[PDB]
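Structure first, then comments.
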Number of protein chains: 2
Amino acid sequence: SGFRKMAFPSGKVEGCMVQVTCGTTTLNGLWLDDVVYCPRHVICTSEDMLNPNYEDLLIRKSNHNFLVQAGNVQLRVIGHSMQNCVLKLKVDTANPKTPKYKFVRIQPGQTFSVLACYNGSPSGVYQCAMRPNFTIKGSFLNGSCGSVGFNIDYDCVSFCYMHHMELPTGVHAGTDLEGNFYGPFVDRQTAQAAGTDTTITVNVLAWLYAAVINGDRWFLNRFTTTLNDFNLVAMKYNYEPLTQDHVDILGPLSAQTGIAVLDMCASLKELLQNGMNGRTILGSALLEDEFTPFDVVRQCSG
Amino acid sequence: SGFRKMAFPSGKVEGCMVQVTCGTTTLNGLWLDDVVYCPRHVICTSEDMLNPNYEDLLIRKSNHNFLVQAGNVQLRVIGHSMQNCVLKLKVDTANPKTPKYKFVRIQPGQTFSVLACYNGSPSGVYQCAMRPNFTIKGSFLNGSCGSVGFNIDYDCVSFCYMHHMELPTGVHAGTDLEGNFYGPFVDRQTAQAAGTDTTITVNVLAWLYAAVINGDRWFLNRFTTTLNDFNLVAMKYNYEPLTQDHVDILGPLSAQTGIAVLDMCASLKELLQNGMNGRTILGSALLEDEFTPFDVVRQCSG
Ligand SMILES: CN(C)C(=O)COc1ccc2ccccc2c1
Ligand code: NA
């Protein structure tokens, strides 16, 4: 029993974190096979943050301008190339700890673990979700750029996020490992703000099913709803639209608990209207939206 | 910026988890140097567990009755002995991935990371506090016994917890690595219950300090107080008494924010007596007590 926001074991990723230095700037890179991936803004100076021309900055660098340190071992850079917003540094040693891996670009609502690192050394691991406004509510201090987000499936690590920057509201923006940013953000220090965030409705529903599986039923009611009526209500609380795809995805949890998806939708409507009345659900006084339907089944059934 | 419940990187511990099977029972072991540590109740059948005589059941087993698998290899057991409630299995090969480590017993209110495992396979990591009633609020399914808790202090892993059982309210109980239970529990299938719990006051204060550092300031007020008057409020609201030691431990945070500890206790007094007025703190509608002062400093300054 019990329900916790758990992260993936970080060891497979720890063996890949290195430190990348360029000029006075030091941040983290991900060392896989003979390539080190890091954010391209490592090549920016004080004067470059607003309108950097990365092609012009990069053409002026030699391999020996990039210092890559893996533990106490300096790695030799033998080539470099830019792919969108990530730098790919060719190094002369393949990482012997390279796990089974792939790169996947995730969708809003998807969860993953972050290994926060500073100077190539991991600091901590926690679990995150890609918010509907394509930011993450992470925990990052200065020097954390290049920390990565990932899932693990059996022995394969799916890298999905690289941290680039913190926006003014304290949330965080970054790229997939092909260097494409999530959302409308760019690696410039000009004014950009995350769109209004919303609650990930399909995740809240999955988490209500988790509460039921763990033996808590107090929030159910005798009502049902149509999908359109649910969305008309939920949008008034800044909840994401619930689609037929989301209804299909919740099917397995519906079958396991005996509660139809639209019946759980009706319970969620009443919860938004009533609040908790001093109670909790799985130990929270708020509705939790950073567990996916997949996560819930995985943590409850194994 | 940002504040997340953060576990230590788990890689050093993943390299020590093995699968231990005795009879029909499979659970997890901790392989350090040439010893595997696991709960002694692995030798019990379901009827044995009703009233086990462990030294007697242990005499009846031999080395070959313990199958130990490190991933894909079977370790050969060459000796066995009990220390309190943990079984020590001497094996033929020392673990090459043994980290620098010590066995330490933690105090209630202290936190640690839990690496939840199944069939010797690490599956999830999360952060836990030792509750004042000596339980932890974990997430464990069948087969998680032998999962371990730990902290890391400058490349040294301090092992502090081994999981043994779930209580009827769904919280969990276990031992230190020397086999001594945390709390008034026994490894027997008898009627056991968690005692009435209390809230870890010094941790709530630490978390209020973390919120101020992150820009959440609405609960600060003009008032201050004394330990004696505050502890009157603490006792009334089922909070652990604040000692003079707690105030000193909070000293560094009280200086980095400019908010004195008893200045902050006045904010907490007001929150206990009046509630949160529909507001949240660091995205929580409850007062969080599973962050220690050290946890806040390491994440928000370190
Ligand atoms: C979202 N997140 C971190 C995960 O799903 C972790 O991965 C696993 C893998 C196997 C499990 C077996 C039993 C219980 C939980 C499990 C979790
Ligand atoms: Na005050």
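The numbers used for chain B are those of Swiss-Prot, and the residues that appear cover 3264-3565, in sequence.
Backbone N, Cα and C atoms are what each Cβ position is placed from, and that goes for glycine too.
If you check Swiss-Prot, you get these features:
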type     : residues : note
CROSSLNK : B:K3268  : ubiquitin cross-link
ACT_SITE : B:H3304  : active site, for 3CL-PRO activity
CROSSLNK : B:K3353  : ubiquitin cross-link
ACT_SITE : B:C3408  : active site, nucleophile
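Overlay of Swiss-Prot feature records on the structure.
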residue : record                            : contacts (Cβ under 8 Å, 6+ apart)
B:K3268 : ubiquitin cross-link              : B:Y3389, B:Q3390, B:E3553, B:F3554
B:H3304 : active site, for 3CL-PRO activity : B:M3312, B:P3315, B:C3348, B:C3408, B:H3427, B:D3450
B:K3353 : ubiquitin cross-link              : B:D3297, B:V3298, B:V3340, B:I3341, B:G3342, B:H3343, B:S3344
- Secondary structure at B:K3268 (ubiquitin cross-link), reduced by DSSP to three states: coil
- Query: If H, G and I count as helix, E and B as strand, and all else as coil, what does DSSP give for B:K3353 (ubiquitin cross-link)?
  - Reply: strand
- Task: Would you list the recorded positions among B:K3268, B:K3353, B:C3408 that come within less than 8 Å, Cβ to Cβ, of chain A, in the order they occur in the sequence, writing 'none' if nothing qualifies?
- Result: B:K3268
- Query: Reduced to three states, what secondary structure does DSSP give the residue listed as 'active site, for 3CL-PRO activity'?
  - Reply: helix
